[PDB]
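All residue numbers refer to positions in the sequence shown, counting from 1.
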Amino acid sequence: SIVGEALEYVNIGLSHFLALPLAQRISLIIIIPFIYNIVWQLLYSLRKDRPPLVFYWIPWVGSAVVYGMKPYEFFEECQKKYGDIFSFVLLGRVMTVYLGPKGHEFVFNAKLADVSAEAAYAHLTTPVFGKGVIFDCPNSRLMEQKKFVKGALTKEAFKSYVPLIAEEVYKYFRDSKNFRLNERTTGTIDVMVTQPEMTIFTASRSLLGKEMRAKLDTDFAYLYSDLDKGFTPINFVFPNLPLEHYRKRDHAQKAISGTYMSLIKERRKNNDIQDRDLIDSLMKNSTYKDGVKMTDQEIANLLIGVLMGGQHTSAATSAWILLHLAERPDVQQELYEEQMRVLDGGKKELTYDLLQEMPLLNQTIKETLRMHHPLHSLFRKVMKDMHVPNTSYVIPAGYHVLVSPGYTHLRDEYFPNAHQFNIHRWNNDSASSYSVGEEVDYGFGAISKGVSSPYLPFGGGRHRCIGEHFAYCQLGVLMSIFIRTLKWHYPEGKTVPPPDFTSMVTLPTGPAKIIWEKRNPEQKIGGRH
Ligand code: HEM
Ligand SMILES: OC(Cn1cncn1)(Cn1cncn1)c1ccc(F)cc1F
C-alpha cells in the first residue's frame, strides 16, 4: 500500500508546472480562475440560505456591463427568472437586489447596525465634497448635518426664495445665448445645456446668496465643471488615479470651499450674519449636540455636497419635464390655463403660496419623478448577516444591498400603464409626498415610519431626502415661468430620448433638442445687461 509515490508525483507535477512555457503558463493564468469561477457559482446555487445569484462568465467583472447600461431591463429579466430577491456580482462586489415595496422596507428601514450608507459612498463623495461631512463622518453626524441644512429650508425661506429664483429665470431668458428673448422669438436649445445652467444659477442665488451667484458670471464657474467631473461612477471603483481629471477635481474642491470659507469669515468679522441664505443659517446653527462646532471648512464642504446633489437631481428632472411636455401640447395648454386662473391672467406676482395652488403643475413634477427617478439604484453595505423575513435567505456581512424604487415606479401593477406620461393619475394627490400613517424622527425631523409606498422618489428612513420641498419650489418657479412665457416642441421625427443610466444621475441621452417659441413675441424683459 504505497501512496507515497503519489505524494512524490504531486511534488514532481508541481515542479513541471513551474517549467511550462511562458505562453502555457499565461494561458493557465487565464484558464484556471475562469474555470474555478464557474464551479464556484454552480456550488453556490446549491445553498438555500442565499438568494439566487445571476450567472456570469468573467470573474470580478460580473454583470457590470448589462447592469451598467440597462439596469431596469436587467432587473426585469432577473425578476422573471428568480423573483424579487436576487444577487449579482459587480466589479468585485456582491449586490443583493430586493425589488418592490418589500425591498423598499428591507433596505430603507434597515437597522443602523445592519447596513451602512457611508461605507458604500464615502469613497465617491468625500473626494468631491471634502472631509468631515456627509459620508466622511458617523451617521449621527450626518443626521445633525441634515438638521442644520433643513433649518434654512422653511416655508418662510421659500417665500423669500421664490422671487429670487424668478429673477434668475427671467435673467437667463434675457441674457443667455440659448434664448435672448428680447432679440429672438423662437430658437432651438439642448435641454442638457440650458437646465444645468438654470439650475446652478437659481440654486446659487437662493441657497448661497448674491456674492456666490455673482461668482458664477466669471472664470470661477469652470471649477464647478471640474468638480462635477469628480462625481461619476468611475470614481466608484477608481477614486484616485494620478491623472488630470482627479487633480482638477481636488483643486476645485479646495478652490470652491476656499471661496465659501472666505465669505463665512468676512461675514463673521463684519457681524453681517442675517437670515438671507443657507450660509447665514449654518453660521448661526451648526453646533452638534455634544457641543462640537462644525468648522468653517466643514460648513463649506457641507455647502458643496448639498448644492452638488441638488444640482444634479433637479437639472435632470427639469430636463425630463421639458422633454415630456415637448410632445404634449395638450398638457402645456392645460398647465397654461392653471397659470392664468391662479395668477389672474398673470397680473398677480408668483409667490410660494400661489405655487401651492397649482396642483397640475405640481402633478407634472410628481409624474416626471415617477417616470424618471434620478437615482436608479441606492446602495448599503451589509455590516452583519441579515435574515430576509419570510424566507430562508441570509445576506452575509460584506455583501451590498441595492434598492430601486425607480423600478417599481415603472411597474404596471402599481401604476397602470406605467410607461405612459399622465399627470392626471395624481388628481387630488398633488403633494410631493406624504406619510400615510405613523412618523419617526432620526435627528432631522419627523418623517414617515413606513417606507412601503410604491412611489418613493425621495427615499425613506434615516437617509431620506431633505431637499424635496426646495426642489419643488425651484422646479415650480422654473416651470411656471417656462409655461407662461414659451411654447415648445420636438424637431421633426424626434421624441423623448432614452435615459443615460451610466452617469451618477439618470439624465436623458443628449443632445436632446427642443424648439421654443414666445407666447408673446413682443414681450420684453427689463433690467440692464
Ligand atoms: C428631484 C429632486 C430630488 C430627488 C428625486 C432626490 C432624491 C433623494 C433620495 C432618493 C435620497 C436618498 C438616498 C438614499 O437613500 O441612499 C436623497 C437624499 C438626500 N438628498 Fe435628495 N433628491 C432631490 C433633490 C435634493 C435637493 C434639492 C437637495 C438639497 C437642497 C437634496 C439633498 C439631499 C440630502 C441632504 C440627502 C440625505 C442623504 C443621506 O442622508 O444619505 N436632494 N435624495
Ligand atoms: O444621495 C446623493 C448621493 N448619491 C447617491 N447616489 C448617487 N448620488 C444624491 N442626491 C440625492 N438628492 C440630491 N443629491 C447625495 C445626498 C446628499 C448630498 F449632500 C449630496 C448627494 F450627492
Side-chain angles (χ1 to χ4, degrees), residues 164-206 212-226 228-229 307 310-329 332 335-336 339 350 364-365 368 372 474-497 500 503 505 507-529:
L164 294 180
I165 292 172
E167 182 185 316
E168 290 299 313
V169 170
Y170 281 109
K171 287 175 81 287
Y172 194 84
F173 282 167
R174 189 194 59 209
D175 305 333
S176 175
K177 281 239 185 63
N178 300 293
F179 288 107
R180 302 286 190 85
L181 295 197
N182 286 358
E183 302 156 34
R184 317 160 61 202
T185 69
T186 177
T188 294
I189 61 166
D190 183 352
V191 302
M192 281 316 296
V193 166
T194 56
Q195 296 325 108
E197 296 187 358
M198 292 188 84
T199 305
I200 192 62
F201 290 147
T202 53
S204 297
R205 182 64 191 88
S206 58
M212 292 307 100
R213 168 55 182 95
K215 297 274 192 276
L216 279 176
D217 290 323
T218 76
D219 283 14
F220 188 85
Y222 294 119
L223 296 163
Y224 286 108
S225 189
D226 289 341
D228 250 336
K229 316 304 177 58
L307 267 289
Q311 168 73 21
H312 286 267
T313 54
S314 188
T317 300
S318 69
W320 286 120
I321 297 177
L322 293 167
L323 287 166
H324 272 284
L325 262 47
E327 69 183 6
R328 295 297 294 284
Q332 299 189 33
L335 291 170
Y336 185 74
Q339 297 292 308
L350 183 63
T364 302
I365 309 180
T368 301
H372 302 280
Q474 184 190 39
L475 292 167
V477 175
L478 180 58
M479 287 317 303
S480 167
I481 297 165
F482 255 96
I483 288 291
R484 281 178 291 142
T485 308
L486 311 163
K487 293 184 196 176
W488 64 92
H489 58 269
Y490 276 117
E492 304 175 58
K494 292 294 178 172
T495 185
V496 176
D500 173 18
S503 19
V505 92
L507 36 69
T509 296
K513 295 185 171 297
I514 61 178
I515 299 166
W516 56 266
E517 295 167 350
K518 293 177 69 184
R519 287 184 175 267
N520 184 357
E522 293 157 50
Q523 169 183 22
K524 292 283 171 276
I525 297 169
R528 321 125 93 198
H529 70 276

Set of residues satisfying salt bridge (charged side-chain N to carboxylate O under 4.0 Å, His left out) with respect to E183, sequence neighbours excluded: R180

Rounded distance (nearest 0.5 Å) linking atom CD1 of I481 with atom CE of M198: 7.5 Å

Side-chain touch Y490/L323, heavy atoms, less than 4.5 angstrom: yes

Ring geometry between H324 and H372 (parallel below 30°, tilted from 30 to 60°, perpendicular above 60°): tilted

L478 side chain near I165 side chain, heavy-atom distance below 4.5 Å: no

Side-chain donor or acceptor of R484 paired with backbone N/O of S480 under 3.5 Å: yes

Side-chain (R174) to main-chain (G526) donor-acceptor, under 3.5 angstrom: yes

Value rounded to 0.5 Å, distance of NZ in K494 from NE2 in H489: 14.0 Å

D217: partners by salt bridge (charged side-chain N to carboxylate O under 4.0 Å, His left out), with sequence neighbours left out: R213

Taking every non-hydrogen atom, the tightest pair across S176 and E197: OG-OE1, 4.3 Å

Heavy-atom closest pair, residues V191 and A319: CG2-CB, 4.1 Å

Side chain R184, main chain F179, donor-acceptor under 3.5 Å: yes

Spacing of CD1 belonging to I200 relative to OG belonging to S314, to within rounding of 0.5 Å: 10.5 Å

Please tabulate, for side-chain N and O atoms in residues 507-522, each donor-acceptor pair with protein atoms closer than 3.5 Å (sequence neighbours left out).
unit_1: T509; atom_1: OG1; unit_2: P498; atom_2: O; d: 3.1
unit_1: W516; atom_1: NE1; unit_2: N178; atom_2: O; d: 3.3
unit_1: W516; atom_1: NE1; unit_2: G187; atom_2: O; d: 3.3
unit_1: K518; atom_1: NZ; unit_2: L181; atom_2: O; d: 2.8
unit_1: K518; atom_1: NZ; unit_2: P521; atom_2: O; d: 2.9
unit_1: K518; atom_1: NZ; unit_2: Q523; atom_2: O; d: 2.7
unit_1: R519; atom_1: NE; unit_2: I483; atom_2: O; d: 2.8
unit_1: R519; atom_1: NE; unit_2: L486; atom_2: O; d: 3.3
unit_1: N520; atom_1: OD1; unit_2: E522; atom_2: N; d: 3.2
unit_1: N520; atom_1: OD1; unit_2: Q523; atom_2: N; d: 3.4

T218 side chain to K215 backbone, donor-acceptor under 3.5 Å: yes

From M479 atom CE to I321 atom CD1, the distance as rounded to the nearest 0.5 Å: 5.5 Å

Side-chain touch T317/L475, heavy atoms, less than 4.5 angstrom: yes

Heavy-atom pair with the smallest gap, counting every atom of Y172 and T194: OH-CA, 3.5 Å

Sub-4.5 Å side-chain heavy-atom contact between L335 and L325: yes

Other residues, nucleotides, ligands: >12 heavy atoms within 6.0 Å of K177 NZ: no

Donor + acceptor pair across side chains of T199, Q474 (<3.5 Å): no

Any donor-acceptor pair under 3.5 Å from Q332 side chain to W488 backbone: yes

